[PDB]
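Just the one chain here, laid out as structure tokens, in the form deposited in one PDB entry.
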């Protein structure tokens, strides 16, 4: 059992590090033959926060990179969305900025949002200035964080903060 079940979306283009962010999460196995051949879009993790146990079920939707017109698919039916850009690539930052602006418009206030610049450890190759992203995030009232999925730095804190801001809402 658990006390809460939160549903999270992980949005971001290929190559930015979504899979590496989810390394603490586990895949449901399936006695279903059809599933075992293919696999699934989501991973699960139970955590403890403020004396409450929370099951996080997080979607890294397959094929999202193909369909970047922002519909409800990106902002309905989720307690939290985590938007990830590659800190060493300006075009991925320009892309999430655009999408996160569009989500912000339609999204209900109840959906929580977090901007994540990933690959902070590639400091020689780093192109996107955090103070630019930080101020973009501030402009929309959204938290911002830089992470290294490989080193696992600020990854835990990203999910724990997100989980804490949903939990306070409900």
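Residue numbers count along the first chain shown, from 1. So that the term is clear: the rigid core is the largest set of C-alpha atoms that superpose within 1.5 Å between two forms.
We do not show the form deposited in another entry, though everything after this point is about it.
A 2 Å or larger CA shift between this form and the one not shown, after fitting on the rigid core, occurs at just one of 57, 123, 130, 139, namely 123. Between residue 128 and residue 123, the Cα distance is greater in the other entry than in this structure, by no less than 3 angstroms. Panel note: the distance between the CA atoms of residue 43 and residue 120 is smaller in the other entry than in this form, the difference being 3 Å or more.
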